[PDB]
Every structure is written in C-alpha cells, then in structure tokens.
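The structure file coords-v3.tsv is reproduced below (TSV, C-alpha atoms and all ligand atoms).
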chain	number	residue	atom	x	y	z
M	24	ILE	CA	19.36	26.51	-8.96
M	25	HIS	CA	19.65	24.88	-5.52
M	26	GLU	CA	22.90	24.77	-3.54
M	27	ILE	CA	24.24	22.00	-1.31
M	28	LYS	CA	26.86	23.36	1.11
M	29	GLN	CA	28.76	20.93	3.34
M	30	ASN	CA	31.01	20.60	6.39
M	31	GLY	CA	32.13	17.12	7.42
M	32	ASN	CA	28.96	15.12	8.06
M	33	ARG	CA	26.61	18.10	8.12
M	34	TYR	CA	24.87	19.31	4.98
M	35	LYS	CA	22.80	22.40	4.20
M	36	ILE	CA	20.54	23.03	1.22
M	37	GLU	CA	19.43	26.45	-0.02
M	38	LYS	CA	17.34	27.82	-2.88
M	39	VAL	CA	15.20	24.67	-2.99
M	40	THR	CA	11.48	24.43	-3.66
M	41	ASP	CA	8.72	21.82	-3.59
M	42	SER	CA	9.49	21.22	-7.28
M	43	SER	CA	13.26	20.79	-6.90
M	44	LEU	CA	13.45	19.16	-3.46
M	45	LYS	CA	13.22	15.63	-4.84
M	46	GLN	CA	16.21	16.25	-7.10
M	47	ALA	CA	18.29	17.85	-4.35
M	48	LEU	CA	17.71	14.87	-2.06
M	49	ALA	CA	18.67	12.46	-4.84
M	50	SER	CA	22.04	14.20	-5.12
M	51	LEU	CA	22.34	14.06	-1.34
M	52	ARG	CA	21.51	10.34	-1.36
M	53	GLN	CA	24.78	9.85	-3.29
M	54	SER	CA	26.55	10.36	0.05
M	55	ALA	CA	23.70	9.24	2.32
M	56	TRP	CA	25.97	7.35	4.73
M	57	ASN	CA	27.74	10.58	5.62
M	58	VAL	CA	24.57	12.58	6.31
M	59	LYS	CA	24.37	13.09	10.07
M	60	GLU	CA	22.78	16.53	10.00
M	61	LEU	CA	20.63	18.09	7.29
M	62	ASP	CA	19.70	21.77	7.36
M	63	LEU	CA	16.82	22.88	5.12
M	64	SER	CA	15.99	26.09	6.97
M	65	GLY	CA	14.93	29.31	5.26
M	66	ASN	CA	13.37	27.73	2.18
M	67	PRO	CA	9.78	27.85	0.87
M	68	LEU	CA	9.23	24.11	1.37
M	69	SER	CA	5.54	23.40	1.99
M	70	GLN	CA	5.97	19.70	2.70
M	71	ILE	CA	8.44	16.90	3.21
M	72	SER	CA	7.82	13.19	3.60
M	73	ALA	CA	9.55	10.61	5.75
M	74	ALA	CA	9.94	8.59	2.52
M	75	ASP	CA	12.08	11.38	1.06
M	76	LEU	CA	14.34	11.16	4.10
M	77	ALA	CA	14.21	7.38	4.55
M	78	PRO	CA	17.52	6.69	2.76
M	79	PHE	CA	19.46	8.82	5.27
M	80	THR	CA	19.85	6.15	7.93
M	81	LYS	CA	22.51	8.04	9.88
M	82	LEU	CA	20.54	11.30	10.03
M	83	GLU	CA	20.47	12.55	13.65
M	84	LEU	CA	19.57	16.23	13.23
M	85	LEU	CA	17.11	17.81	10.83
M	86	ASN	CA	16.44	21.54	10.56
M	87	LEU	CA	13.18	22.55	8.86
M	88	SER	CA	12.82	25.94	10.54
M	89	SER	CA	11.49	29.00	8.73
M	90	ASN	CA	9.88	27.10	5.86
M	91	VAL	CA	6.15	27.04	5.14
M	92	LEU	CA	5.24	23.49	6.13
M	93	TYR	CA	1.54	23.01	6.91
M	94	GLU	CA	-1.00	20.43	8.07
M	95	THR	CA	0.69	17.16	9.08
M	96	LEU	CA	4.45	16.68	9.47
M	97	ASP	CA	4.90	12.94	9.94
M	98	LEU	CA	8.47	11.84	10.57
M	99	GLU	CA	7.66	9.00	12.94
M	100	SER	CA	9.47	6.56	10.65
M	101	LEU	CA	12.79	8.39	10.89
M	102	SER	CA	14.10	6.03	13.54
M	103	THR	CA	17.53	7.64	14.02
M	104	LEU	CA	16.46	11.29	14.30
M	105	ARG	CA	17.49	12.81	17.66
M	106	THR	CA	17.00	16.53	17.08
M	107	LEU	CA	14.23	18.11	15.04
M	108	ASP	CA	13.74	21.83	14.58
M	109	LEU	CA	10.64	23.08	12.74
M	110	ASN	CA	10.41	26.45	14.50
M	111	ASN	CA	8.47	29.01	12.47
M	112	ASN	CA	6.27	26.96	10.17
M	113	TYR	CA	2.51	26.29	9.98
M	114	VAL	CA	2.39	22.68	11.13
M	115	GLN	CA	-0.90	21.56	12.70
M	116	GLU	CA	-0.12	17.94	13.57
M	117	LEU	CA	3.33	16.58	14.33
M	118	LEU	CA	4.57	13.01	14.72
M	119	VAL	CA	8.13	12.02	15.57
M	120	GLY	CA	10.12	8.85	16.22
M	121	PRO	CA	11.71	6.84	19.07
M	122	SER	CA	15.13	8.57	19.08
M	123	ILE	CA	13.85	12.11	19.55
M	124	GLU	CA	15.68	13.87	22.37
M	125	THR	CA	15.13	17.51	21.39
M	126	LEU	CA	12.07	18.88	19.63
M	127	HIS	CA	11.96	22.53	18.63
M	128	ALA	CA	8.54	23.37	17.24
M	129	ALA	CA	7.68	26.85	18.47
M	130	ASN	CA	5.62	29.23	16.35
M	131	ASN	CA	3.54	26.74	14.41
M	132	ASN	CA	-0.22	25.92	14.33
M	133	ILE	CA	0.25	22.76	16.38
M	134	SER	CA	-2.75	21.15	18.05
M	135	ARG	CA	-1.42	17.55	18.15
M	136	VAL	CA	2.00	16.04	18.93
M	137	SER	CA	2.84	12.33	19.00
M	138	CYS	CA	6.15	10.71	19.97
M	139	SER	CA	6.95	7.00	19.46
M	140	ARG	CA	7.81	5.16	22.66
M	141	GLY	CA	11.43	5.83	23.58
M	142	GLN	CA	13.88	5.28	26.42
M	143	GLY	CA	15.80	8.55	26.65
M	144	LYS	CA	14.77	11.93	28.03
M	145	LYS	CA	12.96	14.53	25.90
M	146	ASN	CA	13.23	18.32	25.72
M	147	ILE	CA	10.10	19.73	24.09
M	148	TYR	CA	9.70	23.32	22.90
M	149	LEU	CA	6.15	24.14	21.84
M	150	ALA	CA	5.73	27.84	22.66
M	151	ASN	CA	3.13	29.72	20.62
M	152	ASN	CA	1.00	26.99	19.12
M	153	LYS	CA	-2.67	25.88	19.34
M	154	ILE	CA	-2.45	23.32	22.14
M	155	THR	CA	-5.63	23.34	24.25
M	156	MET	CA	-4.97	20.39	26.57
M	157	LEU	CA	-2.04	18.28	27.79
M	158	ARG	CA	-3.62	15.24	26.06
M	159	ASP	CA	-3.01	16.98	22.70
M	160	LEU	CA	0.42	15.45	23.40
M	161	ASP	CA	0.25	11.65	23.21
M	162	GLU	CA	1.53	9.51	26.06
M	163	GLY	CA	4.93	9.05	24.42
M	164	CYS	CA	5.30	12.84	24.33
M	165	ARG	CA	4.48	12.98	28.04
M	166	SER	CA	6.99	10.29	29.10
M	167	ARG	CA	10.47	11.04	30.44
M	168	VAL	CA	10.15	14.70	29.56
M	169	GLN	CA	12.88	16.84	31.10
M	170	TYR	CA	12.00	20.27	29.73
M	171	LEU	CA	8.48	21.21	28.60
M	172	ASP	CA	7.68	24.64	27.24
M	173	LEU	CA	3.98	25.16	26.51
M	174	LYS	CA	3.82	28.93	26.95
M	175	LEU	CA	1.53	31.05	24.75
M	176	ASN	CA	-0.85	28.22	24.03
M	177	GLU	CA	-4.56	27.90	24.74
M	178	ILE	CA	-4.59	25.40	27.60
M	179	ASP	CA	-7.70	25.66	29.81
M	180	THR	CA	-6.85	23.24	32.60
M	181	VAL	CA	-3.96	21.18	33.95
M	182	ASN	CA	-3.98	17.74	35.56
M	183	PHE	CA	-0.51	16.87	36.84
M	184	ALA	CA	-1.32	13.17	36.69
M	185	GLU	CA	-1.19	13.48	32.89
M	186	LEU	CA	2.56	14.12	33.28
M	187	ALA	CA	3.07	11.21	35.70
M	188	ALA	CA	5.24	9.36	33.17
M	189	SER	CA	7.71	12.21	33.68
M	190	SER	CA	7.51	12.25	37.47
M	191	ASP	CA	11.21	11.37	37.77
M	192	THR	CA	12.59	13.38	34.84
M	193	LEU	CA	10.71	16.68	34.61
M	194	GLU	CA	12.88	19.65	35.56
M	195	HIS	CA	11.16	22.61	33.90
M	196	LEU	CA	7.46	23.14	33.15
M	197	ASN	CA	6.45	26.44	31.48
M	198	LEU	CA	2.71	26.98	31.18
M	199	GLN	CA	2.75	30.79	31.30
M	200	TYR	CA	0.32	32.76	29.12
M	201	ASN	CA	-2.29	30.08	28.69
M	202	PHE	CA	-5.83	30.33	30.07
M	203	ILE	CA	-5.57	27.78	32.87
M	204	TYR	CA	-8.46	28.22	35.31
M	205	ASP	CA	-8.04	24.93	37.20
M	206	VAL	CA	-5.17	22.71	38.27
M	207	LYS	CA	-5.39	19.33	39.98
M	208	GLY	CA	-3.39	16.14	40.45
M	209	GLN	CA	-0.90	14.94	43.03
M	210	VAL	CA	2.43	13.94	41.55
M	211	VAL	CA	5.82	13.83	43.20
M	212	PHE	CA	8.03	15.56	40.63
M	213	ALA	CA	11.32	14.54	42.22
M	214	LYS	CA	13.41	16.69	39.88
M	215	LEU	CA	11.15	19.68	39.15
M	216	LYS	CA	13.22	22.87	39.38
M	217	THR	CA	10.92	25.48	37.84
M	218	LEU	CA	7.17	25.85	37.41
M	219	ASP	CA	5.83	28.86	35.53
M	220	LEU	CA	2.06	29.32	35.65
M	221	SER	CA	2.10	33.12	35.42
M	222	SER	CA	-0.54	35.00	33.41
M	223	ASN	CA	-3.17	32.31	33.64
M	224	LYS	CA	-6.61	32.56	35.25
M	225	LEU	CA	-6.30	30.50	38.46
M	226	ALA	CA	-8.41	31.41	41.51
M	227	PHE	CA	-7.21	28.77	44.01
M	228	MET	CA	-3.65	27.63	44.69
M	229	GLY	CA	-4.74	24.23	45.94
M	230	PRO	CA	-3.26	20.99	47.39
M	231	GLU	CA	-2.16	19.95	43.91
M	232	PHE	CA	0.74	22.37	44.39
M	233	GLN	CA	2.41	19.99	46.81
M	234	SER	CA	3.39	18.46	43.45
M	235	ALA	CA	5.78	21.42	43.25
M	236	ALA	CA	6.92	21.48	46.91
M	237	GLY	CA	10.55	21.00	45.87
M	238	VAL	CA	10.96	23.68	43.19
M	239	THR	CA	13.57	26.43	43.14
M	240	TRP	CA	11.50	28.81	41.04
M	241	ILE	CA	7.72	29.17	40.89
M	242	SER	CA	5.42	31.89	39.58
M	243	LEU	CA	1.67	32.28	39.69
M	244	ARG	CA	2.01	35.99	38.96
M	245	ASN	CA	-0.99	37.70	37.33
M	246	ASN	CA	-3.51	34.98	37.90
M	247	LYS	CA	-6.70	35.66	39.89
M	248	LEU	CA	-5.81	33.92	43.12
M	249	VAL	CA	-8.07	34.53	46.10
M	250	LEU	CA	-7.04	31.62	48.34
M	251	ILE	CA	-4.03	29.37	49.00
M	252	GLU	CA	-4.21	25.88	50.51
M	253	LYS	CA	-2.84	26.33	54.04
M	254	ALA	CA	-1.42	22.79	54.11
M	255	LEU	CA	1.07	23.53	51.32
M	256	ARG	CA	4.75	23.34	52.30
M	257	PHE	CA	7.79	24.30	50.24
M	258	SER	CA	11.42	23.29	50.72
M	259	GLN	CA	14.70	25.11	51.34
M	260	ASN	CA	15.36	24.82	47.60
M	261	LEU	CA	12.93	27.66	46.98
M	262	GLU	CA	14.73	30.84	45.80
M	263	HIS	CA	12.07	32.55	43.65
M	264	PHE	CA	8.42	32.79	44.60
M	265	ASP	CA	6.17	35.18	42.67
M	266	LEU	CA	2.46	35.60	43.50
M	267	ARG	CA	2.25	39.25	42.46
M	268	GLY	CA	-0.82	40.50	40.60
M	269	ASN	CA	-3.49	38.39	42.29
M	270	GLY	CA	-6.48	39.19	44.57
M	271	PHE	CA	-5.70	37.49	47.87
M	272	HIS	CA	-7.83	37.40	50.98
M	273	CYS	CA	-5.53	38.57	53.79
M	274	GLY	CA	-6.49	35.61	55.95
M	275	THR	CA	-5.22	33.20	53.32
M	276	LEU	CA	-1.77	34.83	53.29
M	277	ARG	CA	-1.61	34.93	57.09
M	278	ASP	CA	-2.52	31.22	57.27
M	279	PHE	CA	-0.11	30.08	54.53
M	280	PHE	CA	2.90	32.14	55.64
M	281	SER	CA	2.38	31.26	59.32
M	282	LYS	CA	3.68	27.78	58.50
M	283	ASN	CA	5.98	28.81	55.66
M	284	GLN	CA	7.90	31.68	57.27
M	285	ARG	CA	10.91	31.26	54.98
M	286	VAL	CA	8.62	31.37	51.95
M	287	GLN	CA	7.36	34.76	53.14
M	288	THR	CA	10.97	35.93	53.11
M	289	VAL	CA	11.58	34.48	49.65
M	290	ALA	CA	8.45	36.27	48.42
M	291	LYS	CA	9.71	39.63	49.66
M	292	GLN	CA	13.18	39.10	48.17
M	293	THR	CA	11.61	38.03	44.89
M	294	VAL	CA	9.55	41.22	44.65
M	295	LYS	CA	12.56	43.35	45.63
M	296	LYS	CA	14.75	41.73	42.98
M	297	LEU	CA	12.16	42.27	40.23
M	298	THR	CA	10.86	45.79	40.99
M	299	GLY	CA	13.26	47.35	43.49
M	300	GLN	CA	10.44	47.47	46.04
M	301	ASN	CA	9.76	45.36	49.13
M	302	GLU	CA	6.02	45.12	48.40
M	303	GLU	CA	3.95	45.08	45.22
M	304	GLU	CA	1.94	48.14	44.27
M	305	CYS	CA	-1.80	47.60	44.77
M	306	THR	CA	-4.37	48.79	42.25
M	307	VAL	CA	-6.92	49.80	44.89
M	308	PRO	CA	-5.53	51.82	47.87
M	309	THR	CA	-8.32	50.33	50.00
M	310	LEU	CA	-5.98	47.33	49.98
M	311	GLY	CA	-3.32	46.56	52.55
M	312	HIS	CA	-0.59	43.94	52.41
M	313	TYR	CA	0.29	40.75	54.13
M	314	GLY	CA	4.00	40.57	53.64
M	315	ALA	CA	4.88	41.53	50.11
M	316	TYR	CA	1.44	40.91	48.60
M	317	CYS	CA	-1.67	43.08	48.41
M	318	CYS	CA	-4.72	41.62	50.06
M	319	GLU	CA	-8.33	42.39	50.96
M	320	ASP	CA	-10.39	41.17	53.90
M	321	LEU	CA	-12.71	38.59	52.35
M	322	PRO	CA	-13.69	36.77	55.61
M	323	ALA	CA	-16.86	34.77	56.22
M	324	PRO	CA	-17.82	33.05	52.98
M	325	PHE	CA	-16.91	35.92	50.62
M	326	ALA	CA	-13.65	34.30	49.43
M	327	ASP	CA	-15.31	30.92	48.82
M	328	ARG	CA	-18.12	32.64	46.92
M	329	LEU	CA	-15.66	34.43	44.59
M	330	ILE	CA	-14.08	31.08	43.76
M	331	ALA	CA	-17.37	29.19	43.28
M	332	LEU	CA	-19.06	31.99	41.32
M	333	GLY	CA	-15.92	32.45	39.22
M	334	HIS	CA	-17.10	29.41	37.25
M	335	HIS	CA	-20.82	29.02	37.75
M	336	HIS	CA	-21.38	26.31	35.17
M	337	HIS	CA	-20.94	22.54	34.90
M	338	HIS	CA	-17.42	21.15	34.64
M	339	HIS	CA	-16.06	20.50	31.16
G	401	LIG	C1	18.04	25.61	12.56
G	401	LIG	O1	18.33	26.67	11.67
G	401	LIG	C2	18.08	27.96	12.19
G	401	LIG	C3	18.39	29.00	11.13
G	401	LIG	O2	19.74	28.86	10.73
G	401	LIG	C4	18.93	28.18	13.43
G	401	LIG	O3	18.56	29.40	14.01
G	401	LIG	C5	19.76	30.13	14.30
G	401	LIG	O4	20.56	29.59	15.32
G	401	LIG	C6	21.82	30.23	15.37
G	401	LIG	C7	22.69	29.56	16.43
G	401	LIG	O5	21.94	29.29	17.60
G	401	LIG	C8	21.68	31.73	15.59
G	401	LIG	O6	22.94	32.35	15.50
G	401	LIG	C9	20.74	32.37	14.56
G	401	LIG	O7	20.49	33.71	14.92
G	401	LIG	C10	19.44	31.60	14.55
G	401	LIG	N1	18.55	32.11	13.52
G	401	LIG	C11	17.24	32.20	13.74
G	401	LIG	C12	16.39	32.73	12.61
G	401	LIG	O8	16.71	31.86	14.80
G	401	LIG	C13	18.71	27.08	14.45
G	401	LIG	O9	19.59	27.19	15.54
G	401	LIG	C14	18.89	25.71	13.81
G	401	LIG	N2	18.44	24.72	14.76
G	401	LIG	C15	19.20	23.73	15.21
G	401	LIG	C16	18.53	22.81	16.17
G	401	LIG	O10	20.38	23.56	14.87

As structure tokens, please, write out the structure in this file.
Amino acid sequence: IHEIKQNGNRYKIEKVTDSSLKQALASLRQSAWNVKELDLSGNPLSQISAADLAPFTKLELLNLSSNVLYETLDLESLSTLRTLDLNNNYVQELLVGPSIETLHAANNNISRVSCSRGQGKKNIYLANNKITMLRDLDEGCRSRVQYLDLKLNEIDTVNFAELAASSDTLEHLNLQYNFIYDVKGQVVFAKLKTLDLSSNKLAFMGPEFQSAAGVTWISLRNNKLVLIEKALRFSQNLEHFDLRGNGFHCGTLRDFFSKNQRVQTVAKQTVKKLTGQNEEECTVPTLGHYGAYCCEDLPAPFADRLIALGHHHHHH
C-alpha cells in the first residue's frame, strides 16, 4: 500500500516498510534516469543498502530522515550523492561517498563517520550524537570542511591540528555542549568566522586560540576558565566575544585586555546585547569585575594550582 508521489525529477515514497521497500524501488527503477532526488522520510525503514540505490545513477539528494535506521548506514558507493539527510534515526556508523557536499545527520547514535576522498567543500551537521573525539570522523570527513556542527556530543578534548585539512575552508565550528577539558594545536584557519566552545569544561584559554585570532564570533561561555594566555591577539573582525560564566583570576583579565583593548569593548557590548547589562552577574558577591567579567584575586600560584589540580591524573 505504498505511494510514489512525484514532481519533475524529484520523487517521494510513503507508506513503505522493510518488507515492501524492495518492490517500491523496483517500480522507481523503471524511471531511474529521471531520479535526481529521492525522499523516503517519515517511514519505518530500519535499513537500506547502497545496492538498493545503485541503479539510480543520477541521484543527487536522498532524504532518510525520521525513519528507524540503526547500526551501519553505508552509502559510500553512491558516487553521485551530494546531499544526504538522515536526521532523526538511530545510526551508529555512517559512511558516505566522494560527491557529498551536505550531510545532515543530527539526532542519531553516531560514533563513526567516514567520507570518501573528495574535491569540493563539505557542510557537516552532527549535533546530538555519540562522537567522543574528532578522529571518530575519518580524514576525508575532516578535509575541506566549511561548516562543522558537533554540538551536544561527548567530545573530551580538541586538537586543532586534526582539522588542518580544513585550514583554508572552515568557516564555522560548533563544539558547544560537549565535555572538552583541553584544547591544543596551532592552525591558521584563514576563513574561520565563528567558534563556539560554550558549555564545555575548559580551565585555560591557551595559545592554541591564536588559531581563532580572526573570528567574528567566539564563545567560551560557561566553561571553567581561570587563566587566559596573555599573548593572544584578536582582529578587528571580532564582533561577539563571550567569556561569561567562568572563574577568572583578575590578573589574567588585566593582562589580556591590556593588549586587547578593543576586545574588552567587544566583551562589554556582547554582554549588554545578551542580558541588557554592562557586566555579568557574579555568583559570589566577594567577587569584583575586570571589565564585564567577574573575577577573583588568585595571585601567587593559586591560579596555576587550580588548573593543575583540576586534572590530577595522567594524560589520556
Ligand atoms: C528531509 O525531509 C524532512 C521531512 O520532510 C524535511 O524536514 C522538513 O523541512 C521542511 C523545509 O525545510 C520544513 O518545512 C519541515 O518542517 C521539516 N520537517 C521536519 C520534521 O523537520 C527536510 O528538510 C528534508 N531534508 C532535505 C535535505 O531536503
């Protein structure tokens, strides 16, 4: 009782099941040359094979969203596919081909993504999955990325070098709501416009952040920052700078802002825009401010001790 609706070279199939999918696709194969987009969203499909889709050699867009796909979705052999949407499924491991330009795969169980070597740019949407490290994405998936959304995953650390194959293409990196406690790596991201590392667990905004010197928008809101690398410099591009919700030593703010006066101004404007106030509200009134941010006097080695003792164990 399945239905194949159609509009030009774009087809949609409804009321299909694992048991009737094979038949539906046979019917579709009758006009395979005209199949540029196939929409299978909303069904109870629990699996689909590249082999099933192999005969559709002109297929550029495939929509599998809101099915019940699980385990491995391997479509690496669909050489023509440019856009794949499997939002809202249960996929654990995902493999896609050399023509992928846009990959929507939010709200799955994904812990592994692989992308065949390609030449174009990639936009990758992986919010709300089970990614625990950037190397869960293979090197193809980390090359020539333009937009990368990894929010609401379980990433523990970040090494910018692992994104070096996107140094010239990456424009947006969202890593908010992970559990990142350490960042390192020096990469010149020539095109990076936005970096979101808010709601992670960072204690030190270190020299690695020169990798983001050129951004327009950056947030480390609601981390656990105590210190900032005084040598960091941002550019005139910066319009949004959010370090609210941390635990800064006053000295570190004085040092950093002393050589980034315009950043101090951007910080104040950013807080004003978001809360209607020129400074953030502190949790403990025994706290003052340096510019817009709360801070405490952690002179001597107290600040360094908070950072070291924050992770008093060997490095994984
Ligand atoms: C894949 O199919 C889903 C479901 O039809 C699309 O999601 C909808 O997108 C349209 C247009 O953007 C919205 O009006 C609907 O509200 C969305 N529905 C849901 C449940 O999100 C989705 O856009 C399609 N993906 C692609 C890449 O075409």

Residue M:329 surroundings by only C-alpha atoms, 10 Å radius, close-in-sequence under 5 positions cut, as an MDAnalysis selection string: chainID M and resid 226 248:250 321 324 334

Close residues, residue M:66 itself excluded, 7 Å, all atoms listed in the file, min 4 positions apart in chain, as a list in words: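 Listed by chain and then number, they are residues 37, 38, 39, 40, 89 and 90 of chain M.
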
Within 10 Å of ligand LIG 401 (chain G), which residues show up when you count all atoms listed in the file? List them as a list in words, please.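 So the residues close to ligand LIG 401 (chain G) are residues 35, 60, 61, 62, 63, 64, 65, 84, 85, 86, 87, 88, 89, 106, 107, 108, 109, 110, 111, 125, 126 and 127 of chain M.
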
Would you mind exporting the chosen residues as an mmCIF file, keeping the file's coordinate frame, restricted to C-alpha atoms?
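After the write, part_37.cif holds the following:
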data_model
loop_
_atom_site.group_PDB
_atom_site.id
_atom_site.type_symbol
_atom_site.label_atom_id
_atom_site.label_comp_id
_atom_site.auth_asym_id
_atom_site.auth_seq_id
_atom_site.Cartn_x
_atom_site.Cartn_y
_atom_site.Cartn_z
ATOM 1 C CA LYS M 35 22.800 22.400 4.200
ATOM 2 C CA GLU M 60 22.780 16.530 10.000
ATOM 3 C CA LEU M 61 20.630 18.090 7.290
ATOM 4 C CA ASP M 62 19.700 21.770 7.360
ATOM 5 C CA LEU M 63 16.820 22.880 5.120
ATOM 6 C CA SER M 64 15.990 26.090 6.970
ATOM 7 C CA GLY M 65 14.930 29.310 5.260
ATOM 8 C CA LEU M 84 19.570 16.230 13.230
ATOM 9 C CA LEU M 85 17.110 17.810 10.830
ATOM 10 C CA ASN M 86 16.440 21.540 10.560
ATOM 11 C CA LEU M 87 13.180 22.550 8.860
ATOM 12 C CA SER M 88 12.820 25.940 10.540
ATOM 13 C CA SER M 89 11.490 29.000 8.730
ATOM 14 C CA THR M 106 17.000 16.530 17.080
ATOM 15 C CA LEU M 107 14.230 18.110 15.040
ATOM 16 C CA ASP M 108 13.740 21.830 14.580
ATOM 17 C CA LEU M 109 10.640 23.080 12.740
ATOM 18 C CA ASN M 110 10.410 26.450 14.500
ATOM 19 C CA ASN M 111 8.470 29.010 12.470
ATOM 20 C CA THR M 125 15.130 17.510 21.390
ATOM 21 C CA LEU M 126 12.070 18.880 19.630
ATOM 22 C CA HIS M 127 11.960 22.530 18.630
#

To one decimal in Å, tell me the separation between atom CA of residue M:151 and atom CA of residue M:135.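 Between these atoms lies a distance of 13.2 Å.
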
Excluding residue M:224 and any residue of its chain fewer than 6 positions from it, enumerate the residues within 6 Å of it, using all atoms listed in the file, and give them as a ChimeraX atom specification. /M:202-204,246-247

Neighbour list for residue M:97 as a list in words, cut-off 8 Å, all atoms listed in the file, skip fewer than 3 positions in-chain: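 The residues that qualify are residues 72, 73, 100, 116, 117, 118 and 119 of chain M.
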
Using all atoms listed in the file, find the one residue out of M:286, M:274, M:47, M:54 that sits nearest to residue M:82. M:54

Considering all atoms listed in the file, return as a ChimeraX atom specification whatever protein or nucleic-acid residues lie within 9 Å of residue M:319, sequence-local ones (same chain, fewer than 4 positions apart) excluded. /M:270-274,309-312

Here's a test: counting only C-alpha atoms, identify every protein, DNA and RNA residue with an atom at most 12 Å from (6.5, 0.8, 24.1) in the file's coordinate frame, and state them as a PyMOL selection string. chain M and resi 120-121+138-142+162-163+166

Please tell me which residues are no farther than 6 Å from (20.0, 7.3, 1.8) in the file, counting all atoms listed in the file, and write them as a PDB file with C-alpha atoms, in the coordinates of the input.
ATOM      1  CA  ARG M  52      21.510  10.340  -1.360  1.00  0.00           C
ATOM      2  CA  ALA M  55      23.700   9.240   2.320  1.00  0.00           C
ATOM      3  CA  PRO M  78      17.520   6.690   2.760  1.00  0.00           C
ATOM      4  CA  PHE M  79      19.460   8.820   5.270  1.00  0.00           C
TER       5      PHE M  79
END
